[PDB]
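Close look at the chain arrangement
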2 protein chains.
Amino acid sequence: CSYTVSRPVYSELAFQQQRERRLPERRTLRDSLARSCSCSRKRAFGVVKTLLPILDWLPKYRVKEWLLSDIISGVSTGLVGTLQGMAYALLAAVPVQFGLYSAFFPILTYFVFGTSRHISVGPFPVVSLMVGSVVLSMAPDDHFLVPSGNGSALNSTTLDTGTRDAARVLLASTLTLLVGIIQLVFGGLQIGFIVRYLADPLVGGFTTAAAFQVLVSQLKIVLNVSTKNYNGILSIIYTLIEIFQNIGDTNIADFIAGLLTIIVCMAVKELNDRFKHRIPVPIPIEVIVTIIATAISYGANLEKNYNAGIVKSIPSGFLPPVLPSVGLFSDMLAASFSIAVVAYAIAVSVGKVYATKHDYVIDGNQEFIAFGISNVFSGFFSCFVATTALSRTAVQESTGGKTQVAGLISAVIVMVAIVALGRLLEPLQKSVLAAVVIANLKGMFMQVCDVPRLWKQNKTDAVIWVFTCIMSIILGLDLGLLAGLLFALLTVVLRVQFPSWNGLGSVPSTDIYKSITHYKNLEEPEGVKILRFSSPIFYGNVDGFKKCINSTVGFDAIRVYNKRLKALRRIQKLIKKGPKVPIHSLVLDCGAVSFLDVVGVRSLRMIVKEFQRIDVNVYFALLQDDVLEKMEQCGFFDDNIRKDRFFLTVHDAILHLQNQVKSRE
Amino acid sequence: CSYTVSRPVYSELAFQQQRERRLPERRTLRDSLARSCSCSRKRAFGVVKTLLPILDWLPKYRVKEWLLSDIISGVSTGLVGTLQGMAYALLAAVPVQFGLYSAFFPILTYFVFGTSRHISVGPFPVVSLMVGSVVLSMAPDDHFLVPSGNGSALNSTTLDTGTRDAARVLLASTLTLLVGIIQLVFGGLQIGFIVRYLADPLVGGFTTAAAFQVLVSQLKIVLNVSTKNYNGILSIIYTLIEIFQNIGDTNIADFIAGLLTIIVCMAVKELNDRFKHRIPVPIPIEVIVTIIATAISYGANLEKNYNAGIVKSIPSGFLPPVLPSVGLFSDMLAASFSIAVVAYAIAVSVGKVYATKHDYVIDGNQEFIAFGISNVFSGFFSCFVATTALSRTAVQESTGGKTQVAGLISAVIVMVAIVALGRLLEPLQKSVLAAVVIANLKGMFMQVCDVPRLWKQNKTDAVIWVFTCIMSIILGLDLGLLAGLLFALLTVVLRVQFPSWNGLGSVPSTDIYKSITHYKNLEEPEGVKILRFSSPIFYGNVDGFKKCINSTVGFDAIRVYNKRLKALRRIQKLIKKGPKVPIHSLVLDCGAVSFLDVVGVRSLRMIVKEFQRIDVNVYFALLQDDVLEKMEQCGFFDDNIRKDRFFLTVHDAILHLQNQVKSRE
Ligand SMILES: [Cl-]
Ligand SMILES: [Cl-]
């Protein structure tokens, strides 16, 4: 209603005298470390419940209908997960059975350490692509050609199918172990803010580039062509050029089958997504299309007659655990860091989505620890890095999922698919498994449709999306992530280095101050010049602050003093022989400052000194308490620059100046 | 005196209606480029006067009194320049002949393009070290040993004295040209803010740690030992251990003569600096100690009898210009960027010191063009990077210097020191030249005495100093600079990611709001909770902003709504069978925000949504005009979240709530 106040003009000291402060809390390092480590059983029970969240959702079960919901979600997600694992096994250059292995053990491990309920841990297209890329870069194909086979002219250097898969599996296991170690280090040290740097446009561009590279790889697999494992800089462009040059050496049957299953899967998925109001449970198109592909490929001998590319390499059994070949962490540390951070980011995103959809809370450090333990346990069983696919996750959520029991049942399907089920999958073409991956790329390919939206929105974030999407295409995929985080931090620094300063003026008959570049009917005080500067002054925006002051006052505090001294020597010689007109004061509305960066408080004191010589007072308006306490420690309040120069509000400085002019002409 | 106002409670729309805004300026890209490129004669005269500042101070000269002060300072700095020029040549692994070339040619170029008057362009100890650092790595000693000389058992692979220097000289010429190009790029593209990242602790810790590497490198010449040109990681640490292992192979003639001039030069310099009130002109101790060293070394045959290390390689002549060996810019791009940025940083640092004392303004972007052409012109005459030494600069200023005429006269002394003078410096020991450099290291060695001062001051800047000083010792010297620039920018991100949020309360009978953790007698409104959050919300601190709200209200907006649904299912079944107590509203005092980072503004709309369901209003207090215009563009003002939720001041949000509850119970 009515905003009326009546108080004296407390600038800095008229308010600090009669206001008793609170004594700061004593450090007492010994008592701090003693009180932190609790001794009562309550803290122990709390950390046990937090570290192992399985003991929370288990006692409060609702078996009656939860059993049926979990068993149906488990069989469905198990089928989907074994299909996605045997499909993504090609993305990591590993055999098919190791995909099923990586789809079984991480599920078992993410049961006594996970803190979620609607997450299906398993393989992931982006993570498997990164694993395959780093394996190809660390173990290419031109390093295994054994000369044997009595060739035509030179030694028969044929393909090394065989022991090469063992080396690739050992490399993938070492990579998974290093990723798990990095995740456990990040979780134990309670450092979780390191993944906050992955902004939405950054991860969007990264996923778009990863989807492009996955499309290129799966198109290479469908066409059944052999490239030269180009990796490094412009690897995707090089392999695409090589594919376009090797179009003649394709397979017509494999290409036709792949295009047909792509069209069928895309049409069925679009029909199920659009017409959701008629069929709530998503039709498992992957399962039926894989079954019909295996049925068609088994009838006619596509391997011999049509020379199709089938798997025919399923051992259908387990294997004893193998110790990882430790010693390759130095050359894969950055790759493992990138894989771990992107996996954790995707996992946290999916968890937060499916948690705010179901209204429950998911811890971050607990998810980090759970995924680290899962990757470590997978490294001992010849598996790759595990994550949560958005397509596989939606299955247990749509079909009905309440706890991780549906996830544990999803491993039983993979369990029976490791030992017995799988012999019918022998004549399955590799182009069919390479197609569902492309069909799942529709979710990430549509992410490009937000760049025009981000351009109308904050434009700095629209540049981060395009920069990350392009830079993660030229120089690899893992190196493109590091070039995105650094670019995002640089963009953040540029937004606090080049602020939006204004020409704050006074609104008549009130005390609210608005910018002069936005409103017209604003009257500024006679002689006084007000200035606001956001983005607290640090070592980078000090010259910017100087230029802003020089632009808002009209002149320069240095050149005016130089001209005054040049005109003063003419006065000291006349006795022997015989600009700063409008600016009366400068009120700095430094209310948007947080830190001071003493390198900057030195420049502030220099400004106050330079303007004092030309008889121009530099008052402050909205200096915070935690900023004044910092400036006082940095040696700013000398015998001449007292606290009376600072004020509490913007109108207090103007009122004090008006009263000083009225009382002193 | 009296601060009293009387205005209605204009929240956001009660103020926006009757306040007509100013129309934004039209872009008009066609006219923007036309109005920028002016055609009048004033624009042509302005660019020529700025690019060539010689036409300014030359017409208004004061030959009557200025020429007398320049002729005495020119011959003074000419003797100091020819000695420091040839002494710093040892730090660049080039012969002593090319040291004088870097003291004559850059002065000629920095005469028609320079925009300063008290700067003596020439070599520099820190800059010449970075130049010589890459020469040892790109052209080591073990790459030129020719087997010849009928050795004892194997081929006589002795030293390659002779054409070995030609590989280092041509390498230094290409490095000098690449540095000059980078400086012209920064000056041509008008990008000068890139050197603002070199903060005071950053450049302070860098020059301090560089003084150690200069001390270790020059100590090798004093002791006259031969190391294994260790470069890379821990280069200073590795070469320091090898010196201690090679103490037995020292030279008593070079050590005694080297240690003697160290004490003499240090004592006279310290004595003249303290007792300045008796002798204003600094005594050239560097010059007098060199002349007496050559006289003693010429009398007794120290080269033959005492086996001392002398130069004896001065041809005393010029050479035709040699085209730089283009093709080495690819492997020296990262190295030249570190040298080009420190050559400009020290130039402006020393320049601005002698500029505020003489009250003349030095152009910023012009120094990039001035030193840019200087290094390019020096590359065509086999020179290294040119800079301005603080010791050599103080000579021409203390003895009397007004313009660059004293610098041009200083080049005349160097001019005669190449054609005629120089033969007397033949028996000069290399330990004497390597000692005057160590004596000048006192200025940088005393920079360590500011770390306890910076610790009592802003502690984040004290960490950057120690981090830069340590990191520039482990991984080289040029790589340590890049590790300091990234760490300094990272510290800025950490200061805006972890802000200093408070519990803002109300002062009785007034309208000023202060933090509750700093003052005691502050009364908060009944039910209302106020929160201030500096460091504008971006993608990194958006999660910390959630934890900040949950900490100031006591509860969580998510778990409370979850328990409400858990308690609501018991209500919908009872009809079939038969927390948020204190927080009434939340006033966010977002007055210290500058940008939005729409990635983070999506959470602001989510926060209002999460609190609206639990019947908790989230009001804003001090949203700026340029930030409110950003929310509307980012899609924040929907049909439910109107502008009435925002307020102009902090007290307007509280005054509105007091009247709302009073009129609506
Ligand atoms: Cl997916
Ligand atoms: Cl010096």
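Below you will find a few notes about this structure. (Residues numbered from 1 in each chain as written, not as in the entry; some residues may be left out. Chains lettered and ligands numbered in written order. Heavy atoms only, no water. Residues with missing side-chain atoms left out of burial classes, pairs and counts.)

Further remarks concern the overall build of chain A. A tally of regular secondary structure across chain A gives 27 helices and eight strands. Taking 665 residues into account, the globule formula puts the C-alpha radius of gyration at 26 Å, and chain A, at 34 Å, lies well above it. The dimensions of chain A, computed from C-alpha atoms along their principal axes, are 115 × 70 × 55 Å. (Helix = DSSP H or I, 4+ residues; strand = E, 2+ residues; numbered from the N terminus. Rg over C-alpha atoms; globule rule 2.2 N^0.38 Å.)

Another point: helix α9 (residues 163-188) of chain A. Given a rise of 1.5 Å per residue, 26 residues ought to cover 38 Å, and the 38 Å separating the end C-alpha atoms of α9 of chain A matches this to within 8%. Looking at the residues trailing α9 of chain A, positive phi occurs at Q190 of chain A, about 60 degrees. (Expected span 1.5 Å × (residues − 1).)

This paragraph deals with the side chain of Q84 of chain B. Residues and elements named next belong to chain B. Looking at the secondary structure, you find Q84 in helix α5 (residues 66-87). Residue class for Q84 comes out buried when judged on its relative accessible area of 4%. There is a polar contact of 3.5 Å between the side chain of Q84 and the side chain of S391. Within the structure, the side chain of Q84 is placed 3.2 Å from the side chain of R392, a separation counted as a polar contact. Residues within four places of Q84 in sequence aside, it is in contact with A389, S391, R392 and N440. (Buried < 20%, exposed > 50% of the residue type's maximum accessible area, 1.4 Å probe, protein only. Polar contact = N/O pair within 3.5 Å; in protein donor to acceptor, adjacent residues only side chain to side chain. Contact = heavy atoms within 4.5 Å.)

So, about the environment of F611 of chain A. Note on placement: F611 of chain A falls in helix α25 (residues 599-613). With sequence-adjacent residues up to four places away left out, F611 of chain A is seen in contact with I549, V553, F555, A557, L586, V616 and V618 of chain A.

With that out of the way, let us pick up the relation of the copies chain B and chain A. Each copy of the chain is related to the other by a rotation around an axis and a translation along that axis. Once chain B is rotated about the relating axis by 180 degrees and shifted along it by 0.0 Å, it coincides with chain A to within an RMSD of 0.3 Å. Seen this way, the second copy is the image of the first under a two-fold rotation axis. Considering only C-alpha atoms, the residue of chain B closest to the rotation axis is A592 of chain B, which sits at 1.8 Å. Taken as a fraction of all interface residues of chain B, those also at the interface in chain A reach 100%, which identifies the copy contact as same-surface. (Least-squares fit on C-alpha atoms.)

Of the residues lining the interface, 86 residues belong to chain B; the matching set on chain A comes to 87 residues. Both faces combined, the contact of chain B with chain A buries some 8,500 Å², and carbon together with sulfur accounts for 55% of it. Per-residue buried area on chain B facing chain A is highest for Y3, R196 and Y539 of chain B; these three make up 11% of the total on that side. Counting across the chain B and chain A interface gives eight salt bridges. Residue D200 of chain B is joined to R602 of chain A by a salt bridge in which the shortest nitrogen-to-oxygen separation is 2.5 Å. There are 34 residue pairs in polar contact connecting chain B and chain A. The element best represented in the side of chain B that touches chain A is helix α21 (residues 478-497) of chain B, accounting for eight residues. Here the side of chain B that touches chain A is composed, by residue class, of 36 nonpolar, 26 polar and 24 charged. Looking at chain direction, strand β1 (residues 2-8) of chain A and strand β1 (residues 2-8) of chain B are connected through seven bridges and run antiparallel. Paired with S6 of chain A across the two strands is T4 of chain B, which belongs to β1 of chain B. (Buried area = accessible area lost by both parts, 1.4 Å probe. Salt bridge = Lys/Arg side-chain N within 4 Å of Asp/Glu carboxyl O. Nonpolar A, V, L, I, M, F, W, Y, C, P; charged D, E, K, R; others polar. Pairing = 2+ DSSP bridges.)

Right, let's get into the packing of aromatic side chains. All chains considered together, the criterion is met by 56 aromatic pairs over all chains. Pairing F620 of chain A with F646 of chain A gives two aromatic rings, centres 4.5 Å apart and planes at 10 degrees, and the pair type is stacked. Here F620 of chain A is found in strand β8 (residues 617-620), whereas its partner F646 of chain A is found in the loop between α26 (625-633) and α27 (650-663), with 26 residues between them in sequence. The two residues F620 of chain A and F646 of chain A agree in class, both being buried. Seen in terms of ring centroids, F538 of chain B and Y539 of chain B are 5.5 Å apart; in terms of plane orientation they differ by 85 degrees. Their pairing is edge-to-face. Note on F538 of chain B: relative accessible area 0%, which makes it buried. Three or more aromatic residues joined by ring pairs form one cluster here, namely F98, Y101, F104, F105, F318, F377 and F381 of chain A. Note that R117 of chain A overlies the ring of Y360 of chain A, its terminal NZ or CZ placed 5.6 Å from the centroid. Positioned above the aromatic ring of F595 of chain B is the side chain of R495 of chain A, whose terminal nitrogen or guanidinium carbon lies 4.7 Å from the ring centre. (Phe/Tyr/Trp six-rings, centres within 6.5 Å; stacked < 30°, edge-to-face > 60°. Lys NZ or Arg CZ within 6 Å of the ring centre and 35° of its normal.)

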